[PDB]
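Chemist: sequence, then the experimental structure. Questions to follow.
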Amino acid sequence: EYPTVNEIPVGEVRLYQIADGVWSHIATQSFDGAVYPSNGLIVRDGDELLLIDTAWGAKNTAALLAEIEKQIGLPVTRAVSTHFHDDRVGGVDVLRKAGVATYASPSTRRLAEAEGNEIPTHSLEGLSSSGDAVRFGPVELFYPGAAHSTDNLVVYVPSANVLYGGXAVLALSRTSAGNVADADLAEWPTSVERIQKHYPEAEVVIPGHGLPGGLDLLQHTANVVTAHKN
Ligand SMILES: O=C(N[C@@H](Cc1c[nH]c2ccccc12)C(=O)O)c1nc(Cl)c2ccccc2c1O
Ligand SMILES: [Zn+2]
């Protein structure tokens, strides 16, 4: 029942309940000659919502807000982008116009601006060093170190033991490290180890792309990324 690229059209967004108060948002986009699905996270905090990552571009992200207001009906008050690539900050302008307060680490904001990407308004402090963690709303934000990108963040929802890895974490179907132009292949396995050590009670793990799983996703990512390096 988890949506796939064939089941979502580009421009459409689907939401998928993972737990009480926790959803993923799945979108599709054309990129690098392909059509790819992409995952994000929605987390209820009272009668409010925290958005984790855009839906990949203005158009998708507006549909995301419109799907949310239809299917959930609570306002998105804040959004965090987990790294600087356009698939995660694209739509930040739409969120801002909708009234959403957009956040990212200072390094993400720097890298986004230098890339010509949209820039979240607010800076997240206390995430500058590998292994740093801060509470942000009802989730924890963790910088495991460089992986898919130097700046990528992962997000833990302790109330539901749900771990959102973004593109630092690979679905089980994945056999390659993906688009590694911006990745630190040398550091990524160590970064996945910091995730694994910090979240041993994670019950559901959501990769940046594809199907959810359990803690098996982390070791899979580590396997793939190590084999790539060697
Ligand atoms: O989607 C990305 N990468 C994926 C690709 C992938 C492999 N296999 C897949 C299977 C399904 C969906 C996506 C995949 C991955 O690296 O794993 C992606 N990567 C980079 Cl650097 C980007 C840079 C700038 C702007 C957008 C980007 C982006 O969307
Ligand atoms: Zn990326």
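Modeler: Arrived safely. Residues are numbered from 1 along each chain as shown. Ligands and ions are numbered 1, 2, ... in the order given.
Chemist: show me the contacts for the residue of the chain found nearest ligand 2.
Modeler: Nearest to ligand 2 in the chain, going by CB to the ion, is residue 85, at a distance of 3.3 Å. To be clear about C-beta, it is placed using only N, CA and C from the backbone, and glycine gets the same treatment. When contacts are counted by CB atoms under 8 Å, 6 or more residues apart in numbering, residue 85 touches 115, 117, 149, 167, 182.
Chemist: any idea what the most centrally placed residue in the chain is bridged to?
Modeler: What sits nearest the mean C-alpha location of the chain, by CA atoms, centre = their mean, is residue 166, with 3.6 Å. Note on residue 166: beta-bridge partners residue 207, judged by DSSP bridges.
Chemist: pull the contacting residues for it.
Modeler: So residue 166 contacts 53, 82, 83, 88, 148, 152, 153, 154, 155, 207, 208 (CB under 8 Å, 6+ apart).
Chemist: residues near the third one, how many?
Modeler: Taking other CB atoms under 10 Å as the criterion, the count of residues near residue 83 is 26.
Chemist: ok, the first one next?
Modeler: Residue crowding around residue 53 was assessed by other CB under 10 Å; the count is 31.
Chemist: contact residues of this structure facing ligand 1?
Modeler: Neighbours of ligand 1 within the chain, by CB under 6 Å from any ligand atom: 31, 36-37, 85-87, 167, 178-179, 181-182, 209-210.
Chemist: list the buried ones in stretch 131-147?
Modeler: Across stretch 131-147, burial judged by 16 or more other CB atoms under 10 Å covers 132, 136-147.
Chemist: should've said stretch 98-109
Modeler: 98, 100, 102, 103, 104, 105, 107, 108, 109.
Chemist: identify the farthest-apart pair in those residues.
Modeler: The largest separation in the buried residues of stretch 98-109, counting by CB to CB, is between 98 and 107 at 25.6 Å.
Chemist: understood, closing this out.
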